[PDB]
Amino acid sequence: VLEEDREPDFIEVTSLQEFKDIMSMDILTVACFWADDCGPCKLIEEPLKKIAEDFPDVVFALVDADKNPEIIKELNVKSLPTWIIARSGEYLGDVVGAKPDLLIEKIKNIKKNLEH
């Protein structure tokens, strides 16, 4: 089969339907948009696994832009990598570019505002 194709901590999204289903959940979800022909994507590969370790309460989903252009178009994603953050169907922020430290900050910031 060739299983656990990406890291076990990442869920892989294959349809706009699956995407909307996951961002609907009562859980902080960080979707990372990536692609093969993408240089900045590669170099954030490791730090993103470290972030998924640092935030076990957050779901990290991967979207291959090659294979999901209708999600790319639905969410107006024009650059890679792009992280979109959401919880219970509400979009709570985003980070455009290979910017792991801003993702961290945005994640902590959104959490503090959820605990108000």
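So that there is no doubt, residue numbering starts at 1 and follows the sequence shown.
- The PDB entry reports B-factors from which the mean C-alpha value can be compared for 3-11 and 107-115; the larger average falls on 3-11.
- When the mean C-alpha temperature factors of 50-58 and 73-81 are read from the deposited coordinates, 73-81 comes out higher.
- In this PDB entry, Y91 carries a Cα temperature factor that places it within the highest third of its chain's modelled residues.
- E18: CA B factor lies in the middle third for its chain, per the PDB record.
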